[PDB]
Participant: 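Please find one structure pasted underneath; my questions will follow.
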Amino acid sequence: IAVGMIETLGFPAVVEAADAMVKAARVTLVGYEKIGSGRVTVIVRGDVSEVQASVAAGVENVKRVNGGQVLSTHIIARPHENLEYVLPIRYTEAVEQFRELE
Amino acid sequence: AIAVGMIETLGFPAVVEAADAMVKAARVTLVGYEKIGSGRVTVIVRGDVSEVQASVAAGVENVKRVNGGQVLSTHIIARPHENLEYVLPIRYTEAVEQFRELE
Amino acid sequence: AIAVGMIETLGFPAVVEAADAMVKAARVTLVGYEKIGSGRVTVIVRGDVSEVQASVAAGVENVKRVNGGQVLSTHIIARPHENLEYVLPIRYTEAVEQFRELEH
Amino acid sequence: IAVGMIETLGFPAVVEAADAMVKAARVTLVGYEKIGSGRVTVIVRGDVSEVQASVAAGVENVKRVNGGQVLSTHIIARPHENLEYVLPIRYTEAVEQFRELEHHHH
Amino acid sequence: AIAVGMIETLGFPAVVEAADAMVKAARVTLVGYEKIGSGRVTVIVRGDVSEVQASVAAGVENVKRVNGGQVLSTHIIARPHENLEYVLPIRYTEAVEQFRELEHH
Amino acid sequence: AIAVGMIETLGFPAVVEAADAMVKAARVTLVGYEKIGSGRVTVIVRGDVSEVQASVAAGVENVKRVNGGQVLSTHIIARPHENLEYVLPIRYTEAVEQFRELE
Ligand SMILES: [Cl-]
């Protein structure tokens with residue numbers, strides 16, 4: 001169950017990134033992380049090939065944000081279980097309904 | 001359309017002006033204000049896609065009147081996937097529903 | 001309607017002076033102090049629009065005299081839409097209700 | 001009851017600024033405020049003439065801090081009552097023993 | 001003595017890759033994620049010192065595969081003083097207990 | 001007088017090294033870790049003034065050998081005024097009482 005991530009500079013772009021990712025494939029948006037200096041990341045979980053398609057769409061679609069900018073992106077095909085318990089990449093009760101349709 | 005419209009400014013006074021202009025210019029509801037550090041704050045409206053287009057364009061014009069204001073980014077999402085409302089601050093909150101209840 | 005006026009400064013001492021000068025210059029209530037990171041802070045006052053206009057002028061002039069003070073932006077909205085009060089920190093709160101009455 | 005403030009870049013300078021202020025005159029250190037970009041402010045209250053002396057000393061001492069630096073300072077002699085309900089400059093319970101020791105001039 | 005290894009990146013996707021490479025490269029425990037503002041975030045692993053050296057070596061190497069990745073700083077303390085845990089966010093916690101049990105020594 | 005020693009660094013790994021080298025160098029207690037944003041983080045030790053002087057000097061040297069650490073500022077106050085502890089994060093807590101006893 002891969003994890004996919006798009007970090008942008010600026011909030012409107014991260015919202016476009018989120019929207020494009022879940023529309024382009026069967027992935028679940030599981031969170032949004034702010035780390036300062038305007039850098040915010042959206043995080044999806046799903047089958048790796050779905051996640052790869054999501055992230056590509058997300059990256060492409062930030063291009064249509066006026067002032068949007070992608071700072072970094074990464075996919076991990078098979079994240080180690082320890083990561084879920086420390087980093088905010090885990091599903092929450094709030095998004096359980098979407099994890100279903102994957 | 002249940003579009004979402006967003007304007008991100010540098011500076012708080014400009015963002016208050018962007019929100020005030022957007023809700024005056026069309027039938028949209030201001031639902032959120034997000035800070036992501038570094039002086040960047042975004043206000044978020046929801047409504048019909050053509051109303052949101054008008055709001056965002058008005059917000060951008062009106063921030064021009066602000067002494068020291070600046071728009072950093074804007075965007076409209078025409079049909080926000082239902083997953084977004086659960087993770088990102090783009091939904092009506094109880095406070096805004098109080099406002100809407102006055103009608 | 002009740003106008004809203006705001007002065008945003010780079011530095012906390014300057015924002016305290018801005019607030020102090022605003023409430024002393026005219027009949028306005030200080031209702032908000034907003035921090036958005038990176039040293040940028042804003043004080044927000046509410047009152048009749050002409051009082052708010054006098055206050056904000058006073059605030060900007062007194063910041064200029066703070067050792068290290070700097071105003072980054074200022075703005076006045078004569079008739080803020082009612083939706084704003086439910087989302088942005090511009091509203092009167094119970095803690096400043098006493099000063100609201102002093103306005104009139 | 002005046003309010004005196006020194007904003008520094010960096011936290012060790014702000015602690016020195018606080019220490020020099022309360023040692024130089026009978027005022028009370030009531031708080032410290034962080035607003036991002038490494039800017040932190042310490043805040044004292046007291047009689048205006050005592051606060052003047054505290055702030056002068058805090059500014060002198062911060063110059064001895066390895067790497068520290070004052071960014072801004074300011075004293076408001078007779079802060080309006082409204083300020084206290086919105087800005088973080090209030091006395092708190094925790095410092096009332098020092099408030100009692102302030103020297104006032106009538 | 002249980003070493004502590006740290007990799008600080010500018011940006012969240014790189015920190016997540018650093019963490020993943022660290023726990024895959026050796027038998028250590030990822031115990032924390034610290035944000036200090038300005039984009040700087042750190043991940044912290046604990047375990048035997050030769051394992052922590054391999055984890056930290058691998059996290060640093062894997063951050064290069066992150067598009068837009070940057071490592072800002074890295075450090076390993078072989079035998080961290082006992083005071084450190086009670087003040088700094090480097091402690092083991094219940095949430096990662098299952099992974100501490102799997103550590104190599 | 002229980003003196004107070006501080007080292008502020010750029011970056012979390014360097015602050016952990018600063019802390020570590022300080023409590024290893026002399027008889028002081030690590031009581032505090034303060035973040036003020038912009039990557040600036042400060043660690044705070046308490047102890048006898050001559051013990052604090054040695055801790056701070058060691059912490060500065062060891063920080064400079066960290067990969068990417070910088071010492072942004074340091075300072076030592078020999079006899080901090082009583083008022084400081086009720087306002088700033090420099091006091092002992094229960095959590096490190098065990099190490100105070102050891103000075
Ligand atoms: Cl209230």
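Residue numbers begin at 1 in each chain, while the letters A, B, ... track the order of the sequences.
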Participant: Which of the residues A:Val22, A:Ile35, A:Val30 is involved in the greatest number of heavy-atom pairs with chain B at under 4.5 angstrom?
Facilitator: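 Between A:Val22, A:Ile35, A:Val30, the count favours A:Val22.
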Participant: Please report the closest heavy-atom contact between B:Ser38 and A:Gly38, naming both atoms and the distance.
Facilitator: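 Looking at all heavy atoms of both residues, the shortest contact is CB-N, 3.6 Å.
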Participant: Just give me the residue among B:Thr74, B:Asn83, B:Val71, B:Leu84 that pairs up with chain A most often, heavy atom to heavy atom, under 4.5 Å.
Facilitator: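 It is B:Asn83.
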Participant: Do the side chains of B:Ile77 and A:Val15 get nearer than 4.5 Å, heavy atoms only?
Facilitator: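 Yes. Closest side-chain heavy atoms under 4.5 Å.
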Participant: With a 4.5 angstrom heavy-atom cut-off, could you sort out which part of B:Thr42 is near chain A: side chain, backbone, both or neither?
Facilitator: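 For B:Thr42, the contact with chain A is made by the side chain alone.
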Participant: Let me know if B:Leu72 has heavy atoms under 4.5 Å from chain A in its side chain, its backbone, both or neither.
Facilitator: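 Backbone of B:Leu72 only, per the 4.5 Å heavy-atom cut-off to chain A.
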Participant: Using a heavy-atom distance cut-off of less than 4.5 Å, which residues of residues 85-97 of chain A contact chain B?
Facilitator: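 If one takes a 4.5 Å heavy-atom cut-off, the residues of residues 85-97 of chain A near chain B are A:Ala94, A:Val95, A:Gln97.
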Participant: What part of A:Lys34 lies closer than 4.5 angstrom to a heavy atom of chain B: side chain, backbone, both or neither?
Facilitator: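 Side chain only.
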Participant: What part of A:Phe98 gets within 4.5 angstrom of chain B, counting heavy atoms only: side chain, backbone, both, or neither?
Facilitator: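 Contact with chain B involves the side chain of A:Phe98 alone.
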Participant: Just by distance, do the side chain of B:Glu8 and the backbone of A:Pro12 share a donor-acceptor pair under 3.5 Å?
Facilitator: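 A pair under 3.5 Å: no.
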Participant: Can you tell me if CG on B:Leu102 sees more than 12 non-hydrogen neighbours from other groups inside 6.0 Å?
Facilitator: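 It does: B:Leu102 CG has more than 12 such atoms within range.
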Participant: Answer yes or no: are there more than 12 heavy-atom neighbours, outside B:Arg100 itself, under 6.0 Å from its atom CZ?
Facilitator: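 Yes.
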